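Structure file target14.csv (CSV, C-alpha atoms and all ligand atoms) is printed below.
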```
chain,number,residue,atom,x,y,z
I,17,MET,CA,1.6,-19.5,12.3
I,18,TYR,CA,1.2,-19.5,8.5
I,19,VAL,CA,-1.4,-20.2,5.8
I,20,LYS,CA,-1.1,-21.4,2.2
I,21,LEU,CA,-2.9,-19.3,-0.5
I,22,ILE,CA,-3.1,-21.2,-3.8
I,23,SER,CA,-3.6,-19.5,-7.2
I,24,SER,CA,-5.6,-20.9,-10.2
I,25,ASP,CA,-2.3,-21.8,-12.0
I,26,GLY,CA,-0.9,-23.8,-9.0
I,27,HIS,CA,1.5,-21.4,-7.2
I,28,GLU,CA,1.6,-21.8,-3.4
I,29,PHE,CA,2.0,-18.5,-1.5
I,30,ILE,CA,2.8,-18.9,2.2
I,31,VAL,CA,1.8,-15.9,4.4
I,32,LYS,CA,1.3,-15.3,8.1
I,33,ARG,CA,-2.1,-16.1,9.5
I,34,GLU,CA,-2.8,-12.6,11.0
I,35,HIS,CA,-1.8,-11.0,7.7
I,36,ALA,CA,-4.4,-13.1,5.7
I,37,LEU,CA,-7.2,-12.2,8.2
I,38,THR,CA,-7.1,-8.7,6.7
I,39,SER,CA,-9.5,-10.1,4.1
I,40,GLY,CA,-12.9,-10.9,5.6
I,41,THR,CA,-13.6,-13.4,2.8
I,42,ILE,CA,-10.5,-15.3,3.8
I,43,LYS,CA,-11.4,-15.1,7.5
I,44,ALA,CA,-14.7,-16.8,6.5
I,45,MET,CA,-13.0,-19.5,4.4
I,46,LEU,CA,-10.6,-20.5,7.3
I,47,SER,CA,-12.8,-20.0,10.4
I,58,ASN,CA,-4.7,-23.9,6.8
I,59,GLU,CA,-4.9,-24.1,2.9
I,60,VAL,CA,-7.2,-22.0,0.7
I,61,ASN,CA,-7.7,-22.5,-3.1
I,62,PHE,CA,-8.6,-19.6,-5.5
I,63,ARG,CA,-10.0,-21.0,-8.8
I,64,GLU,CA,-10.4,-17.5,-10.4
I,65,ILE,CA,-7.2,-15.7,-9.3
I,66,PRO,CA,-3.9,-16.3,-11.2
I,67,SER,CA,-0.5,-16.0,-9.6
I,68,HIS,CA,0.4,-12.5,-11.0
I,69,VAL,CA,-2.8,-11.2,-9.3
I,70,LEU,CA,-2.6,-13.2,-6.1
I,71,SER,CA,1.1,-12.3,-5.4
I,72,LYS,CA,0.0,-8.6,-5.4
I,73,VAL,CA,-2.8,-9.3,-2.9
I,74,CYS,CA,-0.2,-10.9,-0.6
I,75,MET,CA,2.0,-7.8,-0.9
I,76,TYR,CA,-1.0,-5.6,0.0
I,77,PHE,CA,-1.5,-7.6,3.3
I,78,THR,CA,2.1,-6.9,4.2
I,79,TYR,CA,1.8,-3.3,3.3
I,80,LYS,CA,-1.4,-2.8,5.3
I,81,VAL,CA,0.0,-4.5,8.5
I,82,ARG,CA,3.2,-2.4,8.4
I,83,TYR,CA,1.7,1.1,7.7
I,84,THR,CA,-1.8,1.0,9.4
I,85,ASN,CA,-1.8,3.4,12.5
I,86,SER,CA,1.8,4.4,11.6
I,87,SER,CA,3.4,7.8,12.4
I,88,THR,CA,5.9,7.6,9.5
I,89,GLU,CA,5.6,8.6,5.9
I,90,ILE,CA,3.6,6.1,3.9
I,91,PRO,CA,4.7,5.2,0.3
I,92,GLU,CA,2.3,4.6,-2.6
I,93,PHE,CA,1.1,1.0,-3.2
I,94,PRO,CA,2.0,0.6,-6.9
I,95,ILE,CA,-0.1,-1.2,-9.5
I,96,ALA,CA,1.0,-1.8,-13.1
I,97,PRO,CA,-1.7,-0.9,-15.7
I,98,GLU,CA,-1.7,-4.5,-17.0
I,99,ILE,CA,-3.0,-6.0,-13.8
I,100,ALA,CA,-5.4,-3.2,-12.6
I,101,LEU,CA,-8.7,-4.7,-13.9
I,102,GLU,CA,-8.0,-8.2,-12.6
I,103,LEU,CA,-6.7,-6.8,-9.2
I,104,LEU,CA,-9.8,-4.6,-8.7
I,105,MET,CA,-12.0,-7.7,-9.1
I,106,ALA,CA,-10.0,-9.7,-6.6
I,107,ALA,CA,-10.1,-6.8,-4.1
I,108,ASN,CA,-13.9,-6.6,-4.5
I,109,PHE,CA,-14.4,-10.3,-3.9
I,110,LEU,CA,-11.9,-10.4,-1.0
I,111,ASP,CA,-13.2,-7.1,0.6
I,112,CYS,CA,-9.8,-5.6,1.3
Q,62,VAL,CA,-22.1,23.3,10.4
Q,63,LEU,CA,-18.4,22.5,9.7
Q,64,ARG,CA,-16.7,25.9,9.5
Q,65,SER,CA,-13.9,28.1,10.8
Q,66,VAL,CA,-14.3,30.3,13.9
Q,67,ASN,CA,-13.5,34.0,13.2
Q,68,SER,CA,-11.0,34.3,16.1
Q,69,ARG,CA,-8.6,36.9,14.7
Q,70,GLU,CA,-5.8,35.3,16.8
Q,71,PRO,CA,-2.9,34.5,14.5
Q,72,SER,CA,-1.2,31.1,14.1
Q,73,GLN,CA,1.9,30.3,12.0
Q,74,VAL,CA,1.8,26.8,10.4
Q,75,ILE,CA,4.1,24.6,8.3
Q,76,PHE,CA,2.2,22.7,5.5
Q,77,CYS,CA,4.6,19.8,5.0
Q,78,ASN,CA,3.8,17.5,2.1
Q,79,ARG,CA,5.2,14.1,3.0
Q,80,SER,CA,3.3,12.3,0.2
Q,81,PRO,CA,3.9,11.4,-3.5
Q,82,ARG,CA,0.9,13.6,-4.6
Q,83,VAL,CA,0.6,17.2,-5.6
Q,84,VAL,CA,-1.5,18.5,-2.6
Q,85,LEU,CA,-4.4,21.0,-2.7
Q,86,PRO,CA,-5.0,22.6,0.7
Q,87,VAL,CA,-8.7,23.5,1.3
Q,88,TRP,CA,-9.8,26.0,3.9
Q,89,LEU,CA,-13.4,25.8,5.2
Q,90,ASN,CA,-14.5,29.5,5.3
Q,91,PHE,CA,-16.9,31.3,7.7
Q,92,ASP,CA,-20.0,29.8,5.8
Q,93,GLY,CA,-18.5,26.3,5.6
Q,94,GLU,CA,-17.8,26.6,1.9
Q,95,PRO,CA,-14.4,25.0,0.8
Q,96,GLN,CA,-12.0,27.6,-0.5
Q,97,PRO,CA,-9.0,26.1,-2.5
Q,98,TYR,CA,-5.5,27.4,-1.9
Q,99,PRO,CA,-2.2,27.2,-3.9
Q,100,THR,CA,-0.8,23.6,-4.4
Q,101,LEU,CA,2.3,21.9,-3.0
Q,102,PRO,CA,4.5,19.7,-5.0
Q,103,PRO,CA,5.5,16.3,-3.5
Q,104,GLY,CA,8.2,16.5,-0.8
Q,105,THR,CA,8.0,20.3,-0.5
Q,106,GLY,CA,6.9,22.6,2.4
Q,107,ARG,CA,5.7,26.1,3.0
Q,108,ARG,CA,5.4,28.3,6.1
Q,109,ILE,CA,2.0,30.0,6.2
Q,110,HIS,CA,-0.2,32.3,8.3
Q,111,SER,CA,-3.6,31.1,9.6
Q,112,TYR,CA,-5.7,31.7,12.7
Q,113,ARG,CA,-6.7,29.7,15.8
Q,114,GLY,CA,-9.8,27.6,15.3
Q,115,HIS,CA,-9.7,27.6,11.5
Q,116,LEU,CA,-10.7,24.3,9.7
Q,117,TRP,CA,-8.4,22.9,7.0
Q,118,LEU,CA,-8.3,19.7,5.0
Q,119,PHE,CA,-6.1,18.2,2.2
Q,120,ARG,CA,-6.6,16.5,-1.2
Q,121,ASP,CA,-4.8,15.3,-4.3
Q,122,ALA,CA,-4.9,18.3,-6.7
Q,123,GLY,CA,-5.6,16.2,-9.8
Q,124,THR,CA,-7.9,13.4,-8.7
Q,125,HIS,CA,-9.2,14.8,-5.3
Q,126,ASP,CA,-8.4,11.6,-3.4
Q,127,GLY,CA,-8.5,12.2,0.4
Q,128,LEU,CA,-5.3,12.7,2.4
Q,129,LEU,CA,-4.5,12.7,6.1
Q,130,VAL,CA,-3.0,15.5,8.2
Q,131,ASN,CA,-1.5,14.4,11.5
Q,132,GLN,CA,-3.2,11.0,11.2
Q,133,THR,CA,-6.8,12.5,10.7
Q,134,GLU,CA,-9.1,14.3,8.2
Q,135,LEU,CA,-9.3,17.8,9.8
Q,136,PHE,CA,-6.6,20.1,11.0
Q,137,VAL,CA,-7.1,23.1,13.3
Q,138,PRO,CA,-4.3,25.6,14.0
Q,139,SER,CA,-3.6,26.3,17.7
Q,140,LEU,CA,-1.6,28.5,20.0
Q,141,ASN,CA,2.1,28.8,19.1
Q,142,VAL,CA,4.6,28.3,22.0
Q,143,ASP,CA,8.3,29.6,22.0
Q,144,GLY,CA,8.4,31.0,18.4
Q,145,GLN,CA,7.8,27.5,17.2
Q,146,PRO,CA,5.4,26.8,14.2
Q,147,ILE,CA,2.8,24.0,14.3
Q,148,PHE,CA,3.5,21.2,11.9
Q,149,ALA,CA,0.8,20.0,9.5
Q,150,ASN,CA,2.3,16.7,8.3
Q,151,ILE,CA,0.3,15.7,5.2
Q,152,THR,CA,0.5,12.0,4.2
Q,153,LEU,CA,-1.3,9.3,2.2
Q,154,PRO,CA,-3.7,7.1,4.1
Q,155,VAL,CA,-3.6,3.3,3.9
Q,156,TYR,CA,-6.2,3.0,1.1
Q,157,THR,CA,-8.1,-0.2,0.7
Q,158,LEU,CA,-6.8,-2.3,-2.2
Q,159,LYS,CA,-10.2,-1.8,-3.9
Q,160,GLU,CA,-10.1,2.0,-3.6
Q,161,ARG,CA,-6.5,2.0,-4.7
Q,162,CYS,CA,-7.4,-0.1,-7.7
Q,163,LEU,CA,-10.2,2.3,-8.6
Q,164,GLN,CA,-7.7,5.3,-8.5
Q,165,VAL,CA,-5.5,3.5,-11.0
Q,166,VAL,CA,-8.4,2.6,-13.3
Q,167,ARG,CA,-9.7,6.2,-13.2
Q,168,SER,CA,-6.2,7.6,-14.2
Q,169,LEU,CA,-6.1,5.4,-17.4
Q,170,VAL,CA,-9.7,5.3,-18.6
Q,171,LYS,CA,-11.8,8.4,-19.4
Q,172,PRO,CA,-15.3,8.7,-17.8
Q,173,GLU,CA,-16.9,8.3,-21.3
Q,174,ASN,CA,-15.3,4.8,-21.5
Q,175,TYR,CA,-16.2,3.3,-18.0
Q,176,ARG,CA,-19.2,1.5,-19.5
Q,177,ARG,CA,-17.0,-0.2,-22.1
Q,178,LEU,CA,-15.0,-2.0,-19.4
Q,179,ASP,CA,-15.8,-5.7,-18.9
Q,180,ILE,CA,-16.9,-5.7,-15.2
Q,181,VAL,CA,-20.1,-6.0,-13.0
Q,182,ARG,CA,-22.3,-2.9,-12.7
Q,183,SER,CA,-21.4,-2.6,-9.0
Q,184,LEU,CA,-17.9,-1.5,-10.2
Q,185,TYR,CA,-19.2,0.9,-12.8
Q,186,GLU,CA,-21.0,2.9,-10.1
Q,187,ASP,CA,-17.9,2.7,-7.8
Q,188,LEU,CA,-15.7,4.2,-10.6
Q,189,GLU,CA,-18.2,7.0,-11.4
Q,190,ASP,CA,-18.5,8.0,-7.7
Q,191,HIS,CA,-15.4,10.3,-7.8
Q,192,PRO,CA,-13.8,11.6,-4.6
Q,193,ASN,CA,-15.4,14.9,-3.7
Q,194,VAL,CA,-14.9,17.5,-0.9
Q,195,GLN,CA,-18.7,18.3,-0.7
Q,196,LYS,CA,-19.6,14.6,-0.2
Q,197,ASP,CA,-17.0,14.1,2.6
Q,198,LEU,CA,-18.3,17.2,4.5
Q,199,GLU,CA,-21.9,15.9,4.5
Q,200,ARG,CA,-20.7,12.6,6.1
Q,201,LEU,CA,-19.1,14.4,9.1
Q,202,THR,CA,-22.6,15.7,9.8
A,1,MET,CA,15.7,-1.6,9.9
A,2,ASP,CA,13.2,-4.2,8.7
A,3,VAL,CA,13.3,-5.9,5.2
A,4,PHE,CA,10.6,-7.8,3.4
A,5,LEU,CA,11.3,-10.8,1.3
A,6,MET,CA,9.9,-13.4,-1.1
A,7,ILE,CA,11.8,-16.7,-0.6
A,8,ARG,CA,11.2,-18.7,-3.8
A,9,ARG,CA,11.6,-22.3,-5.0
A,10,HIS,CA,9.8,-24.0,-7.9
A,11,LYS,CA,6.1,-22.9,-7.4
A,12,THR,CA,6.5,-22.1,-3.7
A,13,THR,CA,6.8,-18.5,-2.4
A,14,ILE,CA,7.3,-17.6,1.3
A,15,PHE,CA,6.4,-14.0,2.4
A,16,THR,CA,8.5,-13.1,5.5
A,17,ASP,CA,10.5,-10.4,7.2
A,18,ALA,CA,13.8,-9.8,8.9
A,19,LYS,CA,16.3,-7.1,9.9
A,20,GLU,CA,19.3,-5.8,7.8
A,21,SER,CA,21.5,-7.2,10.7
A,22,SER,CA,19.9,-10.7,10.4
A,23,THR,CA,22.1,-13.5,9.1
A,24,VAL,CA,21.4,-15.8,6.1
A,25,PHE,CA,21.4,-18.7,8.6
A,26,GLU,CA,18.3,-17.1,10.3
A,27,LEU,CA,16.5,-17.2,6.9
A,28,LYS,CA,17.2,-20.9,6.7
A,29,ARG,CA,15.7,-21.5,10.2
A,30,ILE,CA,12.5,-19.7,9.0
A,31,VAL,CA,12.5,-22.0,6.0
A,32,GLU,CA,13.1,-25.0,8.3
A,33,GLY,CA,10.0,-24.2,10.4
A,34,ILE,CA,7.7,-24.0,7.3
A,35,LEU,CA,9.1,-26.5,4.8
A,36,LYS,CA,10.8,-29.0,7.3
A,37,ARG,CA,14.3,-29.1,5.8
A,38,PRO,CA,17.4,-28.4,7.9
A,39,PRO,CA,19.8,-25.4,7.1
A,40,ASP,CA,22.5,-27.7,5.7
A,41,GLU,CA,20.1,-29.1,3.0
A,42,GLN,CA,19.2,-25.5,1.9
A,43,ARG,CA,21.0,-23.1,-0.3
A,44,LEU,CA,20.0,-19.4,-0.6
A,45,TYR,CA,20.8,-17.0,-3.5
A,46,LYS,CA,20.6,-13.4,-4.6
A,47,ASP,CA,20.0,-14.0,-8.4
A,48,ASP,CA,23.0,-16.3,-9.5
A,49,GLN,CA,25.0,-15.2,-6.4
A,50,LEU,CA,25.1,-17.7,-3.5
A,51,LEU,CA,24.7,-16.3,0.0
A,52,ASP,CA,26.9,-17.8,2.8
A,53,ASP,CA,25.4,-18.5,6.3
A,54,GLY,CA,27.5,-15.9,8.1
A,55,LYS,CA,26.6,-13.0,5.8
A,56,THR,CA,24.1,-10.3,7.1
A,57,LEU,CA,21.2,-9.3,4.8
A,58,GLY,CA,22.5,-5.7,4.7
A,59,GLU,CA,25.9,-6.8,3.3
A,60,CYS,CA,24.2,-8.7,0.5
A,61,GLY,CA,22.1,-5.6,-0.6
A,62,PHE,CA,18.8,-6.3,1.1
A,63,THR,CA,18.0,-2.8,2.6
A,64,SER,CA,14.8,-1.4,4.2
A,65,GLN,CA,14.4,1.1,1.3
A,66,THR,CA,14.9,-1.6,-1.5
A,67,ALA,CA,13.2,-4.6,0.1
A,68,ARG,CA,9.8,-3.0,0.9
A,69,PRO,CA,6.5,-4.4,2.1
A,70,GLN,CA,4.7,-3.5,-1.1
A,71,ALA,CA,7.7,-4.4,-3.3
A,72,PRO,CA,9.6,-7.3,-1.5
A,73,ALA,CA,12.9,-8.5,-2.8
A,74,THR,CA,13.5,-12.1,-4.0
A,75,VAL,CA,15.7,-14.8,-2.3
A,76,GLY,CA,16.2,-18.0,-4.4
A,77,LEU,CA,16.0,-21.4,-2.6
A,78,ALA,CA,17.4,-24.8,-3.7
A,79,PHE,CA,17.2,-28.1,-1.7
A,80,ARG,CA,19.7,-30.9,-1.6
A,81,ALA,CA,18.4,-34.1,-3.3
A,82,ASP,CA,19.9,-36.4,-0.7
A,83,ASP,CA,23.4,-36.6,-2.3
A,84,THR,CA,23.8,-33.3,-4.2
A,85,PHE,CA,22.1,-29.9,-4.7
A,86,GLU,CA,19.6,-29.3,-7.5
A,87,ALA,CA,20.0,-26.3,-9.9
A,88,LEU,CA,18.1,-23.2,-8.8
A,89,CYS,CA,14.6,-23.2,-10.5
A,90,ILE,CA,11.9,-20.6,-9.8
A,91,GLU,CA,8.8,-20.9,-11.9
A,92,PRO,CA,7.6,-17.6,-13.4
A,93,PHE,CA,4.2,-16.1,-12.5
A,94,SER,CA,1.4,-16.0,-15.0
A,95,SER,CA,1.3,-13.3,-17.7
A,96,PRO,CA,-1.2,-10.5,-17.6
A,97,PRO,CA,-3.4,-10.0,-20.7
A,98,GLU,CA,-3.0,-7.3,-23.4
A,99,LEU,CA,-4.3,-3.8,-22.4
A,100,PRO,CA,-7.6,-2.9,-24.1
A,101,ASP,CA,-7.9,0.0,-26.5
A,102,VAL,CA,-9.4,2.2,-23.7
A,103,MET,CA,-6.2,1.9,-21.7
I,301,LIG,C1,-9.6,37.6,8.8
I,301,LIG,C2,-9.3,36.2,8.3
I,301,LIG,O1,-9.2,35.3,9.1
I,301,LIG,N1,-9.3,36.1,7.0
I,301,LIG,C3,-9.0,34.9,6.3
I,301,LIG,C4,-9.5,34.9,4.9
I,301,LIG,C5,-7.5,34.6,6.2
I,301,LIG,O2,-6.7,35.6,6.2
I,301,LIG,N2,-7.0,33.3,6.1
I,301,LIG,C6,-7.8,32.1,6.1
I,301,LIG,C7,-6.9,31.0,6.5
I,301,LIG,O3,-6.9,30.8,7.9
I,301,LIG,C8,-5.5,31.4,6.0
I,301,LIG,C9,-5.6,32.9,6.0
I,301,LIG,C10,-4.9,33.4,4.8
I,301,LIG,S1,-5.8,33.8,3.5
I,301,LIG,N3,-3.5,33.4,4.9
I,301,LIG,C11,-2.7,33.7,3.7
I,301,LIG,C12,-2.2,32.5,3.1
I,301,LIG,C13,-1.9,32.6,1.7
I,301,LIG,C14,-1.4,31.4,1.1
I,301,LIG,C15,-1.2,30.2,1.7
I,301,LIG,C16,-0.8,29.1,1.1
I,301,LIG,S2,-1.5,27.6,1.2
I,301,LIG,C17,-0.4,26.8,0.2
I,301,LIG,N4,0.5,27.8,-0.1
I,301,LIG,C18,0.3,29.0,0.3
I,301,LIG,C19,1.3,30.1,0.0
I,301,LIG,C20,-1.6,30.1,3.1
I,301,LIG,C21,-2.1,31.3,3.8
```
Starting from the file, lay out its structure as structure tokens.
Amino acid sequence: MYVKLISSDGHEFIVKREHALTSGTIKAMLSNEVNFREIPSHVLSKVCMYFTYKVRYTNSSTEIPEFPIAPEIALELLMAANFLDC
Amino acid sequence: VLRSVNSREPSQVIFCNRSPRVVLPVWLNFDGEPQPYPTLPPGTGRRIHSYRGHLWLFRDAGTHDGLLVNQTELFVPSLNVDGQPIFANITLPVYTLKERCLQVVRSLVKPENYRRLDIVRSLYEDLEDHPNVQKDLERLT
Amino acid sequence: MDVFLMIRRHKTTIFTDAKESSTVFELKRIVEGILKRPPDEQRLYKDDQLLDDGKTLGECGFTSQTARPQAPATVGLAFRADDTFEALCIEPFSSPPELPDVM
């Protein structure tokens, strides 16, 4: 089961349903497609990577690597995080 | 309230830094004050002498971000069995995307300049509210 | 040994996972479920290099330490336009703005 997350510039990111429910704001918008008018693809692709990262490493006994963020996307990514509550 | 018990019963421990951060070990003394100890570079480990019922916790030495030890916040040395040290496996937690973004913004922008960033006042306050050992201790109460 | 991928065609990006011992044909079956095109009308790539159906993902350089959750590796995807295969086209993401003076 998958869901389509759509950036402001038209990119269609397809991710698993359970991974997208990490964000409570997305949980609200669904409960198959969602459109983000304010989040461009270079920001939204990173959000999708964070979901994958959280689902793998949450309650994990292994070593956990850093989630990297390039300086050029930090301000925009922060604002997406605050909106999405993840 | 949160403090080490003065047991005087020895306990050998391995502080194993399995994180990318330089780690600051912090011992909570007999009055509950945090005493800082020598740092550990990423990927390194040390064998150290502590005592049963002593409270320890672990932070990033530069920024003071919180780290886990055996999946939790607090670590308490216990009874050694068969000449075998207790492992204190220090790791990163799964930070929220928001908190992780805040860390990255703090590392690039000086506290003087936070007000010059083009963001809502909610985020100014979030940036200013630095990680702090004293704050974390009052929560546990 | 899990690996984490971005399968990409035009302005579509599929986030999925597999093992190092998975075959390329199993990646096409995942694409079939989502985008509704059979394996023989798909063509998967690592950059310019075409990936044959019998090849495992480990052989083709997708490893658990390179293809990570937080930094997934890209697999290119091209469909057959009834008769013949289109050229591989993957639209770039948007560009971040210039860093301010304070960064
Ligand atoms: C009577 C008593 O319990 N006194 C306390 C002050 C004591 O001896 N402590 C408190 C903690 O349980 C540890 C122990 C000490 S001060 N052990 C010596 C020690 C010195 C350096 C380290 C560290 S921490 C990171 N690197 C090193 C070398 C660890 C332990």
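Residue-level contacts from chain Q to chain A at 10 Å, counting only C-alpha atoms, read residues 166, 168, 169, 170, 171, 173, 174, 175, 177 and 178 of chain Q.
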Using C-alpha atoms, can you export the residues from the last selection as a PDB file, in the frame of the given file?
```
ATOM      1  CA  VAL Q 166      -8.400   2.600 -13.300  1.00  0.00           C
ATOM      2  CA  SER Q 168      -6.200   7.600 -14.200  1.00  0.00           C
ATOM      3  CA  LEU Q 169      -6.100   5.400 -17.400  1.00  0.00           C
ATOM      4  CA  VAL Q 170      -9.700   5.300 -18.600  1.00  0.00           C
ATOM      5  CA  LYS Q 171     -11.800   8.400 -19.400  1.00  0.00           C
ATOM      6  CA  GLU Q 173     -16.900   8.300 -21.300  1.00  0.00           C
ATOM      7  CA  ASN Q 174     -15.300   4.800 -21.500  1.00  0.00           C
ATOM      8  CA  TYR Q 175     -16.200   3.300 -18.000  1.00  0.00           C
ATOM      9  CA  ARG Q 177     -17.000  -0.200 -22.100  1.00  0.00           C
ATOM     10  CA  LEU Q 178     -15.000  -2.000 -19.400  1.00  0.00           C
TER      11      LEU Q 178
END
```
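Each of I:27, I:72, I:43, I:35 was checked against chain A using all atoms listed in the file; the smallest atom-to-atom distance is that of I:27.
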Counting all atoms listed in the file, name the residues that have an atom within 6 Å of an atom of ligand LIG 301 (chain I); the answer should be given as an mmCIF file with C-alpha atoms, keeping the file's coordinate frame.
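Once written, selection_2.cif looks like this:
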```cif
data_model
loop_
_atom_site.group_PDB
_atom_site.id
_atom_site.type_symbol
_atom_site.label_atom_id
_atom_site.label_comp_id
_atom_site.auth_asym_id
_atom_site.auth_seq_id
_atom_site.Cartn_x
_atom_site.Cartn_y
_atom_site.Cartn_z
ATOM 1 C CA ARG Q 69 -8.600 36.900 14.700
ATOM 2 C CA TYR Q 98 -5.500 27.400 -1.900
ATOM 3 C CA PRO Q 99 -2.200 27.200 -3.900
ATOM 4 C CA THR Q 100 -0.800 23.600 -4.400
ATOM 5 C CA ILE Q 109 2.000 30.000 6.200
ATOM 6 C CA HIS Q 110 -0.200 32.300 8.300
ATOM 7 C CA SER Q 111 -3.600 31.100 9.600
ATOM 8 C CA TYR Q 112 -5.700 31.700 12.700
ATOM 9 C CA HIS Q 115 -9.700 27.600 11.500
#
```
Near chain I, 9 Å: chain A residue rows, closest pairs, only C-alpha atoms, as a tab-separated table:
```
residue	atom	partner	partner_atom	distance
A:4	CA	I:78	CA	8.6
A:10	CA	I:27	CA	8.7
A:11	CA	I:27	CA	4.8
A:12	CA	I:28	CA	4.9
A:13	CA	I:29	CA	4.9
A:14	CA	I:30	CA	4.8
A:15	CA	I:31	CA	5.4
A:16	CA	I:31	CA	7.3
A:34	CA	I:18	CA	8.0
A:68	CA	I:79	CA	8.4
A:69	CA	I:79	CA	5.0
A:70	CA	I:75	CA	5.1
A:71	CA	I:75	CA	7.1
A:72	CA	I:75	CA	7.6
A:91	CA	I:27	CA	8.7
A:93	CA	I:68	CA	5.4
A:94	CA	I:68	CA	5.4
A:95	CA	I:68	CA	6.8
A:96	CA	I:98	CA	6.1
A:97	CA	I:98	CA	6.8
A:98	CA	I:98	CA	7.1
A:99	CA	I:98	CA	6.0
A:103	CA	I:97	CA	8.0
```
Using the selection just defined, write its residues with C-alpha atoms as a compact mmCIF listing (two decimals), in the coordinates of the input.
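Dumped to again-v6.txt:
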```
# COMPACT_ATOMS: atom_id res chain seq x y z
CA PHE A 4 10.60 -7.80 3.40
CA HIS A 10 9.80 -24.00 -7.90
CA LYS A 11 6.10 -22.90 -7.40
CA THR A 12 6.50 -22.10 -3.70
CA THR A 13 6.80 -18.50 -2.40
CA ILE A 14 7.30 -17.60 1.30
CA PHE A 15 6.40 -14.00 2.40
CA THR A 16 8.50 -13.10 5.50
CA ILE A 34 7.70 -24.00 7.30
CA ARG A 68 9.80 -3.00 0.90
CA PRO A 69 6.50 -4.40 2.10
CA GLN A 70 4.70 -3.50 -1.10
CA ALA A 71 7.70 -4.40 -3.30
CA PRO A 72 9.60 -7.30 -1.50
CA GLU A 91 8.80 -20.90 -11.90
CA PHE A 93 4.20 -16.10 -12.50
CA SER A 94 1.40 -16.00 -15.00
CA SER A 95 1.30 -13.30 -17.70
CA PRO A 96 -1.20 -10.50 -17.60
CA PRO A 97 -3.40 -10.00 -20.70
CA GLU A 98 -3.00 -7.30 -23.40
CA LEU A 99 -4.30 -3.80 -22.40
CA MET A 103 -6.20 1.90 -21.70
```
Exercise. Up to 9 Å from (20.0, -7.5, 10.8) in the file's coordinates: name the residues, counting all atoms listed in the file, as a ChimeraX atom specification.
Key: /A:1-3,18-23,56-58
Each residue of chain Q with at least one atom at most 7 Å from chain I should appear once, together with its nearest atom pair and the corresponding distance in Å (one decimal); atoms considered: all atoms listed in the file; ordering: chain, then increasing residue number; output as JSON lines.
```
{"residue": "Q:79", "atom": "CA", "partner": "I:89", "partner_atom": "CA", "distance": 6.2}
{"residue": "Q:152", "atom": "CA", "partner": "I:89", "partner_atom": "CA", "distance": 6.4}
{"residue": "Q:153", "atom": "CA", "partner": "I:90", "partner_atom": "CA", "distance": 6.1}
{"residue": "Q:155", "atom": "CA", "partner": "I:84", "partner_atom": "CA", "distance": 6.2}
{"residue": "Q:157", "atom": "CA", "partner": "I:112", "partner_atom": "CA", "distance": 5.7}
{"residue": "Q:158", "atom": "CA", "partner": "I:112", "partner_atom": "CA", "distance": 5.7}
{"residue": "Q:159", "atom": "CA", "partner": "I:107", "partner_atom": "CA", "distance": 5.0}
{"residue": "Q:162", "atom": "CA", "partner": "I:104", "partner_atom": "CA", "distance": 5.2}
{"residue": "Q:163", "atom": "CA", "partner": "I:104", "partner_atom": "CA", "distance": 6.9}
{"residue": "Q:165", "atom": "CA", "partner": "I:100", "partner_atom": "CA", "distance": 6.9}
{"residue": "Q:166", "atom": "CA", "partner": "I:100", "partner_atom": "CA", "distance": 6.6}
```
